[PDB]
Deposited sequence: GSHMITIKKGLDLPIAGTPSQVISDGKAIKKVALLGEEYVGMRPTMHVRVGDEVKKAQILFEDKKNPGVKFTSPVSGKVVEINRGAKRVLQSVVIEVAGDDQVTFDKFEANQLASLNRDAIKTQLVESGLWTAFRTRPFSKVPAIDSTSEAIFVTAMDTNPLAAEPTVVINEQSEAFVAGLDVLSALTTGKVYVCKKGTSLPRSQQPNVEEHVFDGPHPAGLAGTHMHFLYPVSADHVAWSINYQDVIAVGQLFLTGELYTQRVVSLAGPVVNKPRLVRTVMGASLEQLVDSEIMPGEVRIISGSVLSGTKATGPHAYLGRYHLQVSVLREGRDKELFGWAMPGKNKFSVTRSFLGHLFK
């Protein structure tokens, strides 16, 4: 019902993007910008006062037009209006170098680029501490919900970036990296501490000694792109599905894309509920929240 075609095409033009404050567990923001500031791509917008060092950066260059706040001044979203192509650039390497890079050097670049936020601890589901390490980084490269985009199609376009990302993770972990996938074959890291777990909603192992980190396949592609090119890779391939979508399919877009602009001239007439993420485990994309969640790879539209 509203199932998407597993074929990638271009999404509607995006004029504004936003980072959503409340979707980061335990995050209390310290602003590094105000309305009117021109920002570059990968420029810090704010940091977490309760997770010292974690940076949240702009997916695009442009101008800060809104800092929306709700009950008790909680940060709802920082809206950026796209303009120009100025960006903060980082160190670049060759693919063969990535698996041997120093762990702290890797950390520094992920933090300053903002990509560090892609990681979440399991349990607690919050961004790891900068000075912390993990023995088991899990890569979610599968999805059971038919409304989700099949990862293999996305990854097949970004083969070298995906593998490069895995190689960075293989140096970042103190133990192993686990690629959680279906039977369908994927590009393989040549590093011996990168394993594939084939299956036939995820659960992660718990231990008093260690904590598990999780990261989705598209962020792994971003990590790979970051270290190969030295630029923040903000492309997204998201599932645009739901019974009121005229051509349910996969569309290219940008992190934090305006969802009202993304679905413009995509939906049947009548009033609808736009949802960022899965239908059952997403958030109501309305008003100040009408933007693609950091950890969402799907946009669901229903009838109200």
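Coordinate coverage of the deposited sequence breaks at 1-15, 216-227, 332-360, these segments carrying no C-alpha atoms.
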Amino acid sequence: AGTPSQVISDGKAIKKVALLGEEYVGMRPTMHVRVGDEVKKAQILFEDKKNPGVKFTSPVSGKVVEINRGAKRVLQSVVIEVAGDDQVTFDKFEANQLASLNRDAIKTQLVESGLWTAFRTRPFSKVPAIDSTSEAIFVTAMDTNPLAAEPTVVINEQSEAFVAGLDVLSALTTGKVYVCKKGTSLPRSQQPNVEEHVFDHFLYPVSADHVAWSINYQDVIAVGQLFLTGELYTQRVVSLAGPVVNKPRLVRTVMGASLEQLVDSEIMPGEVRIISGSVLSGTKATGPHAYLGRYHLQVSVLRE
From here on, numbers count along this sequence of modelled residues.
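Mean C-alpha B-factor is higher over 260-268 than over the other stretch, the pair under comparison being 260-268 and 35-43. Higher mean CA temperature factor, per the PDB entry, when comparing 5-13 with 19-27: 5-13.
Taking the deposited Cα B-factors for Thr117, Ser189, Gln225, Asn96, the highest one is held by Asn96. The top Cα temperature factor in the record, among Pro128, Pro146, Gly175, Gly165, falls on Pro146. Ranked within its chain, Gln218 lands in the lowest third, by CA B factor from the PDB record. In this PDB entry, the Cα temperature factor of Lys55 sits in the bottom third of its chain's modelled residues, the lowest group. Sort the chain's modelled residues by C-alpha temperature factor and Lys72 lands in the highest third, per the entry. Ranked against the other modelled residues of its chain, the C-alpha B-factor of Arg236 as given in the entry falls in the lowest third. The deposited CA B-factor of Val153 belongs to the middle third of values across its chain.
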